[PDB]
>>> print(open('model07.csv').read())   # CSV, C-alpha atoms and all ligand atoms
chain,number,residue,atom,x,y,z
A,1,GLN,CA,120.8,52.0,123.6
A,2,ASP,CA,122.3,51.5,120.1
A,3,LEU,CA,122.9,54.4,117.7
A,4,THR,CA,121.9,55.0,114.1
A,5,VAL,CA,123.7,57.6,112.0
A,6,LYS,CA,122.5,59.0,108.7
A,7,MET,CA,125.2,59.5,106.2
A,8,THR,CA,125.2,61.9,103.2
A,9,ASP,CA,127.3,62.3,100.1
A,10,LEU,CA,129.0,65.6,100.4
A,11,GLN,CA,129.2,66.0,96.6
A,12,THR,CA,125.7,65.1,95.5
A,13,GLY,CA,124.0,66.1,98.7
A,14,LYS,CA,122.0,62.8,98.7
A,15,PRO,CA,122.0,60.2,101.5
A,16,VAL,CA,124.1,57.1,101.0
A,17,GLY,CA,122.8,54.9,103.8
A,18,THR,CA,123.2,54.6,107.6
A,19,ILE,CA,125.8,53.3,110.0
A,20,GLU,CA,124.7,51.7,113.2
A,21,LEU,CA,126.9,52.0,116.3
A,22,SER,CA,126.9,49.7,119.3
A,23,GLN,CA,129.0,49.1,122.4
A,24,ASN,CA,130.3,45.7,123.4
A,25,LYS,CA,132.9,44.1,125.7
A,26,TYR,CA,135.6,44.9,123.2
A,27,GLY,CA,134.7,48.4,122.0
A,28,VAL,CA,132.4,50.2,119.7
A,29,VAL,CA,131.2,48.4,116.6
A,30,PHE,CA,130.4,50.2,113.4
A,31,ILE,CA,127.9,48.3,111.3
A,32,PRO,CA,127.7,49.9,107.8
A,33,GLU,CA,124.6,49.8,105.5
A,34,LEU,CA,125.7,52.2,102.8
A,35,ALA,CA,125.6,52.4,99.0
A,36,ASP,CA,126.6,54.6,96.0
A,37,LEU,CA,130.2,54.5,97.0
A,38,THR,CA,133.3,53.8,94.9
A,39,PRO,CA,134.7,50.3,95.4
A,40,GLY,CA,137.9,49.8,97.4
A,41,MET,CA,139.0,50.6,100.9
A,42,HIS,CA,138.0,54.0,102.3
A,43,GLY,CA,139.5,56.1,105.1
A,44,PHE,CA,137.1,55.9,108.0
A,45,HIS,CA,137.4,58.3,110.9
A,46,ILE,CA,135.6,60.1,113.7
A,47,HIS,CA,136.2,63.8,113.4
A,48,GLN,CA,136.4,66.6,116.0
A,49,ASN,CA,133.3,68.8,115.3
A,50,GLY,CA,129.7,67.6,115.2
A,51,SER,CA,129.1,69.1,111.7
A,52,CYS,CA,129.4,68.2,108.0
A,53,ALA,CA,129.0,71.8,106.6
A,54,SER,CA,131.7,73.2,104.4
A,55,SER,CA,134.7,75.3,105.4
A,56,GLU,CA,137.0,77.6,103.5
A,57,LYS,CA,140.8,77.4,103.2
A,58,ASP,CA,143.0,79.9,101.5
A,59,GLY,CA,140.2,80.9,99.2
A,60,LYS,CA,139.0,77.4,98.3
A,61,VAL,CA,136.1,75.3,99.5
A,62,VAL,CA,136.4,72.2,101.6
A,63,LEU,CA,133.4,69.8,101.6
A,64,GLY,CA,132.9,68.7,105.2
A,65,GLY,CA,135.7,70.9,106.5
A,66,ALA,CA,133.6,72.2,109.4
A,67,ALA,CA,134.0,68.7,111.0
A,68,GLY,CA,137.6,69.7,111.7
A,69,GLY,CA,140.4,67.2,112.1
A,70,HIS,CA,140.4,63.8,113.6
A,71,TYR,CA,139.1,63.1,117.1
A,72,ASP,CA,142.2,63.5,119.3
A,73,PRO,CA,141.2,63.7,123.0
A,74,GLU,CA,144.7,63.0,124.1
A,75,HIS,CA,146.2,65.6,121.8
A,76,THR,CA,148.6,63.2,120.2
A,77,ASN,CA,148.8,65.1,116.9
A,78,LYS,CA,149.5,61.9,115.0
A,79,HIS,CA,147.4,59.6,112.7
A,80,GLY,CA,147.8,55.8,113.3
A,81,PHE,CA,146.1,52.4,113.9
A,82,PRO,CA,142.9,51.7,115.8
A,83,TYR,CA,144.9,49.6,118.2
A,84,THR,CA,147.7,52.0,119.1
A,85,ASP,CA,147.3,54.5,121.9
A,86,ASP,CA,149.7,57.3,120.7
A,87,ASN,CA,147.5,58.6,118.0
A,88,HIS,CA,144.0,60.0,117.2
A,89,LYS,CA,141.5,58.1,119.3
A,90,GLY,CA,139.3,58.6,116.2
A,91,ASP,CA,141.4,56.4,114.0
A,92,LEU,CA,139.0,53.7,112.9
A,93,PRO,CA,139.8,50.6,110.7
A,94,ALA,CA,139.3,51.3,106.9
A,95,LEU,CA,135.9,50.9,105.4
A,96,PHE,CA,135.5,48.3,102.6
A,97,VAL,CA,133.2,48.9,99.7
A,98,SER,CA,132.1,46.0,97.5
A,99,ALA,CA,132.2,45.9,93.7
A,100,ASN,CA,128.5,46.8,93.6
A,101,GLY,CA,129.2,49.9,95.7
A,102,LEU,CA,127.8,48.5,99.0
A,103,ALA,CA,129.3,48.7,102.4
A,104,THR,CA,128.1,46.2,105.0
A,105,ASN,CA,131.3,44.9,106.6
A,106,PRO,CA,131.2,45.8,110.4
A,107,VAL,CA,134.2,47.3,112.0
A,108,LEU,CA,135.6,47.5,115.6
A,109,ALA,CA,137.2,50.4,117.5
A,110,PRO,CA,138.9,49.0,120.7
A,111,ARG,CA,139.8,52.5,122.1
A,112,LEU,CA,136.4,54.0,121.9
A,113,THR,CA,133.1,54.2,123.9
A,114,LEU,CA,129.6,55.2,122.8
A,115,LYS,CA,129.1,58.0,125.4
A,116,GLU,CA,132.2,59.9,124.1
A,117,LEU,CA,131.2,59.7,120.5
A,118,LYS,CA,128.0,61.9,120.6
A,119,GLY,CA,128.5,65.4,119.3
A,120,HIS,CA,131.1,64.2,116.8
A,121,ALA,CA,130.9,63.3,113.1
A,122,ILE,CA,131.7,60.1,111.2
A,123,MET,CA,133.6,60.7,108.1
A,124,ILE,CA,134.3,58.7,104.9
A,125,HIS,CA,137.1,59.7,102.6
A,126,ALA,CA,137.9,59.0,98.9
A,127,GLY,CA,141.3,57.5,99.4
A,128,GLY,CA,142.3,54.6,101.7
A,129,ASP,CA,144.2,54.8,105.0
A,130,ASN,CA,147.6,53.3,105.6
A,131,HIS,CA,147.3,54.4,109.3
A,132,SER,CA,150.3,56.6,109.3
A,133,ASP,CA,151.3,60.2,108.3
A,134,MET,CA,153.8,58.8,105.7
A,135,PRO,CA,154.1,59.2,102.8
A,136,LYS,CA,150.8,61.1,102.8
A,137,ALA,CA,149.3,62.6,105.9
A,138,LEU,CA,146.2,61.2,107.6
A,139,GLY,CA,146.8,57.9,105.8
A,140,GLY,CA,146.2,59.3,102.4
A,141,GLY,CA,142.4,59.5,102.7
A,142,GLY,CA,142.4,62.8,100.9
A,143,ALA,CA,139.0,64.4,100.3
A,144,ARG,CA,135.9,63.7,102.3
A,145,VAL,CA,133.0,62.0,100.5
A,146,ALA,CA,130.4,61.0,103.0
A,147,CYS,CA,129.7,62.4,106.4
A,148,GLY,CA,127.3,62.0,109.3
A,149,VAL,CA,126.9,63.7,112.7
A,150,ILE,CA,126.5,61.5,115.7
A,151,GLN,CA,123.6,62.8,117.8
B,1,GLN,CA,158.7,37.7,120.3
B,2,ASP,CA,156.7,38.4,117.1
B,3,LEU,CA,155.8,35.5,114.7
B,4,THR,CA,156.2,35.1,111.0
B,5,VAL,CA,154.1,32.7,109.1
B,6,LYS,CA,154.8,31.4,105.6
B,7,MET,CA,151.6,31.0,103.5
B,8,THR,CA,151.2,28.7,100.4
B,9,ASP,CA,148.7,28.5,97.7
B,10,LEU,CA,147.0,25.1,98.1
B,11,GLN,CA,146.2,24.9,94.4
B,12,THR,CA,149.5,25.8,92.7
B,13,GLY,CA,151.7,24.8,95.6
B,14,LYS,CA,153.6,28.0,95.4
B,15,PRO,CA,154.1,30.5,98.3
B,16,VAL,CA,152.0,33.7,98.2
B,17,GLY,CA,153.7,35.7,100.9
B,18,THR,CA,153.9,35.8,104.7
B,19,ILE,CA,151.7,37.0,107.6
B,20,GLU,CA,153.3,38.5,110.7
B,21,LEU,CA,151.6,38.0,114.0
B,22,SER,CA,152.1,40.2,117.1
B,23,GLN,CA,150.5,40.7,120.5
B,24,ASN,CA,149.4,44.0,121.9
B,25,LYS,CA,147.2,45.5,124.6
B,26,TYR,CA,144.1,44.8,122.5
B,27,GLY,CA,144.8,41.3,121.1
B,28,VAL,CA,146.7,39.7,118.3
B,29,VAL,CA,147.5,41.6,115.2
B,30,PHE,CA,147.7,39.9,111.8
B,31,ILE,CA,149.9,41.9,109.4
B,32,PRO,CA,149.5,40.5,105.9
B,33,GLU,CA,152.2,40.7,103.2
B,34,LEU,CA,150.7,38.4,100.5
B,35,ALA,CA,150.2,38.4,96.7
B,36,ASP,CA,148.7,36.4,93.9
B,37,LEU,CA,145.3,36.3,95.4
B,38,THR,CA,142.0,37.2,93.8
B,39,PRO,CA,140.7,40.7,94.7
B,40,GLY,CA,137.8,41.0,97.2
B,41,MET,CA,137.2,40.1,100.8
B,42,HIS,CA,138.4,36.6,101.9
B,43,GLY,CA,137.4,34.4,104.8
B,44,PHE,CA,140.2,34.5,107.2
B,45,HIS,CA,140.4,31.9,110.1
B,46,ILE,CA,142.6,30.1,112.5
B,47,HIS,CA,142.0,26.3,112.2
B,48,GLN,CA,142.2,23.4,114.6
B,49,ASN,CA,145.1,21.3,113.4
B,50,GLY,CA,148.6,22.4,112.7
B,51,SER,CA,148.6,21.1,109.1
B,52,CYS,CA,147.8,22.2,105.6
B,53,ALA,CA,147.9,18.7,104.0
B,54,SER,CA,144.9,17.4,102.1
B,55,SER,CA,142.1,15.2,103.5
B,56,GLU,CA,139.5,13.0,101.9
B,57,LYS,CA,135.7,13.2,102.2
B,58,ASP,CA,133.3,10.8,100.7
B,59,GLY,CA,135.7,9.9,98.0
B,60,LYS,CA,136.7,13.5,97.1
B,61,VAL,CA,139.8,15.5,97.8
B,62,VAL,CA,139.8,18.5,100.2
B,63,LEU,CA,142.8,20.8,99.8
B,64,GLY,CA,143.9,21.8,103.3
B,65,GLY,CA,141.4,19.6,104.9
B,66,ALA,CA,143.9,18.2,107.4
B,67,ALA,CA,143.7,21.5,109.2
B,68,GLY,CA,140.3,20.5,110.4
B,69,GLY,CA,137.5,23.0,111.3
B,70,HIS,CA,137.8,26.4,113.0
B,71,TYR,CA,139.6,26.8,116.2
B,72,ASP,CA,136.9,26.4,118.9
B,73,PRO,CA,138.5,26.0,122.4
B,74,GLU,CA,135.2,26.6,124.1
B,75,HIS,CA,133.4,24.1,121.9
B,76,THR,CA,130.8,26.6,120.8
B,77,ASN,CA,130.0,24.9,117.5
B,78,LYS,CA,129.1,28.2,115.9
B,79,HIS,CA,130.7,30.6,113.4
B,80,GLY,CA,130.5,34.3,114.1
B,81,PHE,CA,132.3,37.6,114.7
B,82,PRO,CA,135.8,38.3,116.1
B,83,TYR,CA,134.1,40.3,118.9
B,84,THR,CA,131.5,37.9,120.1
B,85,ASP,CA,132.3,35.2,122.7
B,86,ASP,CA,129.7,32.5,121.8
B,87,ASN,CA,131.5,31.3,118.6
B,88,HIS,CA,134.8,29.9,117.2
B,89,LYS,CA,137.6,31.8,119.0
B,90,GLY,CA,139.3,31.4,115.6
B,91,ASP,CA,136.9,33.7,113.8
B,92,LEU,CA,139.1,36.5,112.5
B,93,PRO,CA,138.0,39.6,110.6
B,94,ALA,CA,137.9,39.1,106.8
B,95,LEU,CA,141.0,39.6,104.8
B,96,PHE,CA,140.9,42.3,102.1
B,97,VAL,CA,142.8,41.8,98.8
B,98,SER,CA,143.5,44.8,96.5
B,99,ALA,CA,142.8,45.1,92.8
B,100,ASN,CA,146.5,44.3,92.2
B,101,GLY,CA,146.1,41.1,94.2
B,102,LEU,CA,148.1,42.3,97.2
B,103,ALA,CA,147.1,41.9,100.9
B,104,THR,CA,148.7,44.3,103.4
B,105,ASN,CA,145.8,45.5,105.5
B,106,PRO,CA,146.5,44.4,109.2
B,107,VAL,CA,143.7,42.9,111.2
B,108,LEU,CA,142.9,42.5,114.9
B,109,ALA,CA,141.6,39.6,116.9
B,110,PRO,CA,140.5,40.8,120.4
B,111,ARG,CA,139.7,37.3,121.7
B,112,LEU,CA,143.1,35.8,121.0
B,113,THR,CA,146.6,35.5,122.4
B,114,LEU,CA,149.9,34.5,120.8
B,115,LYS,CA,150.8,31.6,123.1
B,116,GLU,CA,147.6,29.7,122.2
B,117,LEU,CA,148.0,30.1,118.5
B,118,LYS,CA,151.1,28.0,118.0
B,119,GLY,CA,150.5,24.5,116.6
B,120,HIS,CA,147.5,25.8,114.6
B,121,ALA,CA,147.1,26.9,111.0
B,122,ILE,CA,146.0,30.2,109.4
B,123,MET,CA,143.6,29.7,106.6
B,124,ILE,CA,142.5,31.8,103.7
B,125,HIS,CA,139.3,30.9,101.8
B,126,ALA,CA,138.0,31.8,98.3
B,127,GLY,CA,134.7,33.3,99.3
B,128,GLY,CA,134.1,36.0,101.9
B,129,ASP,CA,132.7,35.7,105.4
B,130,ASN,CA,129.5,37.2,106.7
B,131,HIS,CA,130.4,35.9,110.2
B,132,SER,CA,127.4,33.6,110.6
B,133,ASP,CA,126.2,30.1,109.6
B,134,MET,CA,123.4,31.6,107.4
B,135,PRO,CA,122.6,31.4,104.6
B,136,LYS,CA,125.8,29.5,104.1
B,137,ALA,CA,127.8,27.8,106.9
B,138,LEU,CA,131.1,29.2,108.1
B,139,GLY,CA,130.3,32.6,106.5
B,140,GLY,CA,130.4,31.3,103.0
B,141,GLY,CA,134.1,31.1,102.7
B,142,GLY,CA,133.9,27.9,100.8
B,143,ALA,CA,137.1,26.3,99.6
B,144,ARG,CA,140.5,26.9,101.1
B,145,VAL,CA,143.0,28.7,98.9
B,146,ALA,CA,146.0,29.6,101.1
B,147,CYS,CA,147.3,28.0,104.3
B,148,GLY,CA,150.1,28.3,106.8
B,149,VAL,CA,151.0,26.5,110.0
B,150,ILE,CA,151.9,28.6,113.0
B,151,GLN,CA,155.1,27.2,114.5
A,201,CU,CU,139.0,61.5,108.4
A,202,CU,CU,138.4,28.8,107.7
A,203,ZN,ZN,143.7,60.1,112.5
A,204,ZN,ZN,134.4,30.0,112.5
>>> encode(input="model07.csv", output="structure tokens")
Amino acid sequence: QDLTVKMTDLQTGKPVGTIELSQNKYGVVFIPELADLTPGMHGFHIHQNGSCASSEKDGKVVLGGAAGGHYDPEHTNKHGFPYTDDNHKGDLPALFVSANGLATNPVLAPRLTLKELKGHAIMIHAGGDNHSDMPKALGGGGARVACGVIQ
Amino acid sequence: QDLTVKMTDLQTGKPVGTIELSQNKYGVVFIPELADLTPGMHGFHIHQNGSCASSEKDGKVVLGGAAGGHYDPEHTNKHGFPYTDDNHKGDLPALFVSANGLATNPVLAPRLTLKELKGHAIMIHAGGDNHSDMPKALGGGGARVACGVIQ
């Protein structure tokens, strides 16, 4: 009953690994098994649409823009922590990438359930995430680098 | 009703910052505000005794050995994840240290409560933590580098 999600690099078009999702007494667990990522902490979020295609914006291209914004079932219109209820239910803890470019440190999302995740897409950004909309919106994750649809 | 914990470097004897503890619907939140630490992921645990003094072992010195082993109220005798019940209730998520040596990424402990933490000590190790006793016990955190008693 556990889920496996294939992740692809939006830039190169090549796969960077897989993320396994599981449900437990305390929430959903995201177990990463990725590679070819830049070291550091990465913005890690569940997005609205179940797609990783591109989108257009004022004449420019947005890799993984079809996924839309962050998963916000309660229409909170705010970005925040994984343990605060007044923000995107899709706000996951940041994803850590080792010096060798690997990601295998599991993360927990207390406000989520497996059933509701299907049809949505997991997203990995280039910048980090300070879990706020200040001083940079959406935690400063910036561009989208890796993406995967949860089927 | 929130707690502030002073942390000291066991080696140099100098303070490296403070960690703020708070309680919320989903557990205890550890908000770090440290510095002078080596980049990477660090083993982060709550230990048994409320002390950071040294201890002796077979003729050798153990910095922060007086704190004892990991907090294990249920006497599970196993090291594991922060979201599994059959292991040290004191198993916290690993602590991330930036390239500039700062630690400010908050962490959540679902199985803990503030009241029970007092009298214990927060510990920071040199190695990481793979949340298991294999292939290295206690997640491979090795030596203790920073410590703080929760009063
Ligand atoms: Cu995102
Ligand atoms: Cu420890
Ligand atoms: Zn968000
Ligand atoms: Zn432990």
>>> residues_near_ligand(input="model07.csv", ligand="ligand ZN 204 (chain A)", cutoff="9 Å", atoms="all atoms listed in the file", output="short mmCIF file (atom, residue, chain, number, x, y, z; two decimals) with C-alpha atoms, keeping the file's coordinate frame")
data_model
loop_
_atom_site.label_atom_id
_atom_site.label_comp_id
_atom_site.auth_asym_id
_atom_site.auth_seq_id
_atom_site.Cartn_x
_atom_site.Cartn_y
_atom_site.Cartn_z
CA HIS B 45 140.40 31.90 110.10
CA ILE B 46 142.60 30.10 112.50
CA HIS B 47 142.00 26.30 112.20
CA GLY B 69 137.50 23.00 111.30
CA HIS B 70 137.80 26.40 113.00
CA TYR B 71 139.60 26.80 116.20
CA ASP B 72 136.90 26.40 118.90
CA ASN B 77 130.00 24.90 117.50
CA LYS B 78 129.10 28.20 115.90
CA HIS B 79 130.70 30.60 113.40
CA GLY B 80 130.50 34.30 114.10
CA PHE B 81 132.30 37.60 114.70
CA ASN B 87 131.50 31.30 118.60
CA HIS B 88 134.80 29.90 117.20
CA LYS B 89 137.60 31.80 119.00
CA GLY B 90 139.30 31.40 115.60
CA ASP B 91 136.90 33.70 113.80
CA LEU B 92 139.10 36.50 112.50
CA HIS B 131 130.40 35.90 110.20
CA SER B 132 127.40 33.60 110.60
CA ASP B 133 126.20 30.10 109.60
CA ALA B 137 127.80 27.80 106.90
CA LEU B 138 131.10 29.20 108.10
CA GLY B 139 130.30 32.60 106.50
#
>>> interface_residues(input="model07.csv", of="chain A", to="chain B", cutoff="7 Å", atoms="all atoms listed in the file", output="list in words")
residues 26, 83 and 110 of chain A
>>> residues_around(input="model07.csv", residues="residue 49 of chain A", least_positions_apart="6", cutoff="9 Å", atoms="all atoms listed in the file", output="list in words")
residues 66, 67, 68, 69, 70, 71, 119, 120, 121 and 149 of chain A
>>> write_last_selection(input="model07.csv", atoms="C-alpha atoms", output="mmCIF file, in the frame of the given file")
data_model
loop_
_atom_site.group_PDB
_atom_site.id
_atom_site.type_symbol
_atom_site.label_atom_id
_atom_site.label_comp_id
_atom_site.auth_asym_id
_atom_site.auth_seq_id
_atom_site.Cartn_x
_atom_site.Cartn_y
_atom_site.Cartn_z
ATOM 1 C CA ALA A 66 133.600 72.200 109.400
ATOM 2 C CA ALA A 67 134.000 68.700 111.000
ATOM 3 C CA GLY A 68 137.600 69.700 111.700
ATOM 4 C CA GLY A 69 140.400 67.200 112.100
ATOM 5 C CA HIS A 70 140.400 63.800 113.600
ATOM 6 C CA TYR A 71 139.100 63.100 117.100
ATOM 7 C CA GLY A 119 128.500 65.400 119.300
ATOM 8 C CA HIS A 120 131.100 64.200 116.800
ATOM 9 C CA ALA A 121 130.900 63.300 113.100
ATOM 10 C CA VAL A 149 126.900 63.700 112.700
#
>>> closest_residue(input="model07.csv", among="A:114, A:123, A:3, A:145", to="ligand ZN 203 (chain A)", atoms="all atoms listed in the file")
A:123
>>> atom_distance(input="model07.csv", atom1="atom CA of residue 122 of chain A", atom2="atom CA of residue 34 of chain A")
13.0 Å
>>> residues_around(input="model07.csv", residues="segment 6-20 of chain A", least_positions_apart="5", cutoff="8 Å", atoms="only C-alpha atoms", output="VMD selection string")
chain A and resid 30 to 37 63 to 64 144 to 149
>>> closest_residue(input="model07.csv", among="B:113, B:22, B:48, B:1", to="ligand CU 202 (chain A)", atoms="only C-alpha atoms and all ligand atoms")
B:48
>>> closest_residue(input="model07.csv", among="A:74, A:21, A:102, A:126", to="residue 86 of chain A", atoms="only C-alpha atoms")
A:74
>>> atom_distance(input="model07.csv", atom1="atom CA of residue 140 of chain A", atom2="atom ZN of ligand ZN 203 (chain A)")
10.4 Å
>>> closest_residue(input="model07.csv", among="A:125, A:57, A:75, A:118", to="ligand CU 201 (chain A)", atoms="all atoms listed in the file")
A:125
>>> atom_distance(input="model07.csv", atom1="atom CA of residue 44 of chain B", atom2="atom CA of residue 136 of chain B")
15.6 Å
>>> build_atoms(input="model07.csv", residues="segment 59-80 of chain A", atoms="N, CA, C and O atoms", output="PDB file, in the frame of the given file")
ATOM      1  N   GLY A  59     140.969  80.535 100.351  1.00  0.00           N
ATOM      2  CA  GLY A  59     140.200  80.900  99.200  1.00  0.00           C
ATOM      3  C   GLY A  59     139.444  79.720  98.507  1.00  0.00           C
ATOM      4  O   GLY A  59     138.629  79.952  97.615  1.00  0.00           O
ATOM      5  N   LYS A  60     139.721  78.487  98.909  1.00  0.00           N
ATOM      6  CA  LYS A  60     139.000  77.400  98.300  1.00  0.00           C
ATOM      7  C   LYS A  60     138.032  76.724  99.236  1.00  0.00           C
ATOM      8  O   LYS A  60     138.067  76.951 100.443  1.00  0.00           O
ATOM      9  N   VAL A  61     137.111  75.948  98.679  1.00  0.00           N
ATOM     10  CA  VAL A  61     136.100  75.300  99.500  1.00  0.00           C
ATOM     11  C   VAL A  61     136.484  73.887  99.883  1.00  0.00           C
ATOM     12  O   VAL A  61     137.131  73.165  99.111  1.00  0.00           O
ATOM     13  N   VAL A  62     136.107  73.502 101.100  1.00  0.00           N
ATOM     14  CA  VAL A  62     136.400  72.200 101.600  1.00  0.00           C
ATOM     15  C   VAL A  62     135.137  71.481 102.075  1.00  0.00           C
ATOM     16  O   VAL A  62     134.616  71.777 103.150  1.00  0.00           O
ATOM     17  N   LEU A  63     134.630  70.560 101.262  1.00  0.00           N
ATOM     18  CA  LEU A  63     133.400  69.800 101.600  1.00  0.00           C
ATOM     19  C   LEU A  63     133.629  69.082 102.919  1.00  0.00           C
ATOM     20  O   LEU A  63     134.568  68.298 103.052  1.00  0.00           O
ATOM     21  N   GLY A  64     132.758  69.334 103.891  1.00  0.00           N
ATOM     22  CA  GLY A  64     132.900  68.700 105.200  1.00  0.00           C
ATOM     23  C   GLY A  64     134.046  69.158 106.018  1.00  0.00           C
ATOM     24  O   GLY A  64     134.508  68.453 106.922  1.00  0.00           O
ATOM     25  N   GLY A  65     134.528  70.364 105.729  1.00  0.00           N
ATOM     26  CA  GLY A  65     135.700  70.900 106.500  1.00  0.00           C
ATOM     27  C   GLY A  65     135.290  71.406 107.840  1.00  0.00           C
ATOM     28  O   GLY A  65     136.165  71.573 108.676  1.00  0.00           O
ATOM     29  N   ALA A  66     134.008  71.656 108.080  1.00  0.00           N
ATOM     30  CA  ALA A  66     133.600  72.200 109.400  1.00  0.00           C
ATOM     31  C   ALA A  66     133.767  71.080 110.459  1.00  0.00           C
ATOM     32  O   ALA A  66     133.875  71.399 111.647  1.00  0.00           O
ATOM     33  N   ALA A  67     133.818  69.813 110.056  1.00  0.00           N
ATOM     34  CA  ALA A  67     134.000  68.700 111.000  1.00  0.00           C
ATOM     35  C   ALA A  67     135.328  68.862 111.730  1.00  0.00           C
ATOM     36  O   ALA A  67     135.507  68.351 112.836  1.00  0.00           O
ATOM     37  N   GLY A  68     136.270  69.551 111.089  1.00  0.00           N
ATOM     38  CA  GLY A  68     137.600  69.700 111.700  1.00  0.00           C
ATOM     39  C   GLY A  68     138.445  68.486 111.440  1.00  0.00           C
ATOM     40  O   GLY A  68     138.162  67.675 110.554  1.00  0.00           O
ATOM     41  N   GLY A  69     139.513  68.362 112.221  1.00  0.00           N
ATOM     42  CA  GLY A  69     140.400  67.200 112.100  1.00  0.00           C
ATOM     43  C   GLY A  69     139.917  65.992 112.779  1.00  0.00           C
ATOM     44  O   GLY A  69     138.745  65.904 113.151  1.00  0.00           O
ATOM     45  N   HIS A  70     140.796  65.015 112.954  1.00  0.00           N
ATOM     46  CA  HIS A  70     140.400  63.800 113.600  1.00  0.00           C
ATOM     47  C   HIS A  70     140.238  63.932 115.107  1.00  0.00           C
ATOM     48  O   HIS A  70     140.858  64.786 115.747  1.00  0.00           O
ATOM     49  N   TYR A  71     139.368  63.107 115.664  1.00  0.00           N
ATOM     50  CA  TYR A  71     139.100  63.100 117.100  1.00  0.00           C
ATOM     51  C   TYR A  71     140.417  62.777 117.777  1.00  0.00           C
ATOM     52  O   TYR A  71     140.979  61.703 117.556  1.00  0.00           O
ATOM     53  N   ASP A  72     140.925  63.705 118.586  1.00  0.00           N
ATOM     54  CA  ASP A  72     142.200  63.500 119.300  1.00  0.00           C
ATOM     55  C   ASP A  72     142.098  64.017 120.724  1.00  0.00           C
ATOM     56  O   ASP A  72     142.705  65.025 121.065  1.00  0.00           O
ATOM     57  N   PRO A  73     141.342  63.324 121.582  1.00  0.00           N
ATOM     58  CA  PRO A  73     141.200  63.700 123.000  1.00  0.00           C
ATOM     59  C   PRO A  73     142.454  63.856 123.753  1.00  0.00           C
ATOM     60  O   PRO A  73     142.579  64.729 124.607  1.00  0.00           O
ATOM     61  N   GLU A  74     143.422  63.000 123.443  1.00  0.00           N
ATOM     62  CA  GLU A  74     144.700  63.000 124.100  1.00  0.00           C
ATOM     63  C   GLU A  74     145.725  63.919 123.485  1.00  0.00           C
ATOM     64  O   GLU A  74     146.885  63.930 123.876  1.00  0.00           O
ATOM     65  N   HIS A  75     145.289  64.682 122.493  1.00  0.00           N
ATOM     66  CA  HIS A  75     146.200  65.600 121.800  1.00  0.00           C
ATOM     67  C   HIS A  75     147.490  64.937 121.456  1.00  0.00           C
ATOM     68  O   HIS A  75     148.555  65.341 121.917  1.00  0.00           O
ATOM     69  N   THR A  76     147.405  63.905 120.628  1.00  0.00           N
ATOM     70  CA  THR A  76     148.600  63.200 120.200  1.00  0.00           C
ATOM     71  C   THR A  76     149.197  63.759 118.944  1.00  0.00           C
ATOM     72  O   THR A  76     150.378  63.558 118.673  1.00  0.00           O
ATOM     73  N   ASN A  77     148.384  64.472 118.169  1.00  0.00           N
ATOM     74  CA  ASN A  77     148.800  65.100 116.900  1.00  0.00           C
ATOM     75  C   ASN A  77     149.479  64.112 115.932  1.00  0.00           C
ATOM     76  O   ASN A  77     150.417  64.468 115.202  1.00  0.00           O
ATOM     77  N   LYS A  78     148.973  62.882 115.902  1.00  0.00           N
ATOM     78  CA  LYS A  78     149.500  61.900 115.000  1.00  0.00           C
ATOM     79  C   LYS A  78     148.343  60.958 114.516  1.00  0.00           C
ATOM     80  O   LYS A  78     147.370  60.742 115.247  1.00  0.00           O
ATOM     81  N   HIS A  79     148.453  60.450 113.289  1.00  0.00           N
ATOM     82  CA  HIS A  79     147.400  59.600 112.700  1.00  0.00           C
ATOM     83  C   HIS A  79     148.043  58.158 112.824  1.00  0.00           C
ATOM     84  O   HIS A  79     149.242  58.001 112.634  1.00  0.00           O
ATOM     85  N   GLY A  80     147.233  57.149 113.136  1.00  0.00           N
ATOM     86  CA  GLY A  80     147.800  55.800 113.300  1.00  0.00           C
ATOM     87  C   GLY A  80     146.741  54.674 113.173  1.00  0.00           C
ATOM     88  O   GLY A  80     145.749  54.762 112.459  1.00  0.00           O
TER      89      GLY A  80
END
